[PDB]
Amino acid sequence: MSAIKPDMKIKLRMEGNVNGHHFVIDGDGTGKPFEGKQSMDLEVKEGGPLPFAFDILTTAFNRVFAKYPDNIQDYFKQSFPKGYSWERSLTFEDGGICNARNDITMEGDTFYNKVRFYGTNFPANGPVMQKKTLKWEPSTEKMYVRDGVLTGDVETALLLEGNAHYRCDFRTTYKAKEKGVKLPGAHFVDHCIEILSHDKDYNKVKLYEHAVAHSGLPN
């Protein structure tokens, strides 16, 4: 019997600053850790309407919601009940840079998330500050160990209006709270993130993510 139930609740608070614009966003959702699926309702509480593309934030709103096969060590499920934290750099092709972190805890059937998101050096004429993004392309996260730390690299892109892509490189470090959770072997995580619904200025958003771990093969 596991600390992690087939159905778990999610409670989040994000505070952040992009190009000097302060905001606070709350989230409430549910997910299925063993199926690799989560959805959540987000609401901007302060700083709305946001003057930048909501899409830059969405990967910051937990790899516990990833379907892991038996033959890959699941570092994220093994980290509970005490939990884990991640730190992420997002590097955009036009010099925009973000730093995000999440400290994740579990109380009963609920994951609590303390999220911080800091963004700077977005050009005022670029697609983030002009709100020209449409979605993230599905991508594959490469997981590996660097200097004894579990590291995930993604090379991906935002689709823009007008048949263009805006490229972004992600690097995330993941750290169990508990001393002694064994690191996994190198592997991949396929993921897809989608905004299912939104209101006029993206003050209320429903967000969905699906993630599957694998070793790079078909069988």
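Residue positions are given as counts along the sequence shown, with the first one as 1.
A.B. asks: Are residue 61 and residue 62 truly consecutive in the deposited sequence, or are residues between them missing coordinates? Give the number as none, 1 to 3, 4 to 9, or 10 or more.
C.D. replies: The entry has 1 to 3 unmodelled residues between residue 61 and residue 62.
A.B. asks: Test of understanding: from the entry's C-alpha B-factors, which stretch has the higher mean, 2-10 or 208-216?
C.D. replies: Taking the mean B-factor of the alpha carbons in each, 2-10 is higher.
A.B. asks: Which is higher in the entry, the mean Cα B factor of 177-185 or that of 29-37?
C.D. replies: Stretch with the greater average CA B-factor: 177-185.
A.B. asks: Give the position of residue 48 by CA B-factor within its chain, expressed as the lowest, middle or highest third.
C.D. replies: Residue 48: CA B-factor falls in the lowest third of its chain.
A.B. asks: Would you check the entry's CA temperature factor for residue 172 and let me know if it's in the chain's lowest, middle or highest third?
C.D. replies: Lowest third of the chain for residue 172's C-alpha B-factor.
A.B. asks: Name the third of the chain's ranked CA B-factors that contains residue 157, choosing lowest, middle or highest.
C.D. replies: Within its chain, residue 157 is a middle-third residue by C-alpha B-factor, going by the deposited values.
A.B. asks: Among the modelled residues of its chain, does the C-alpha B-factor of residue 79 lie in the lowest, middle or highest third?
C.D. replies: As the PDB entry reports it, the C-alpha B-factor of residue 79 lands in the middle third of its chain.
A.B. asks: Where does the C-alpha B-factor of residue 93 rank in its chain, lowest, middle or highest third?
C.D. replies: For residue 93, the deposited C-alpha B-factor lands in the highest third.
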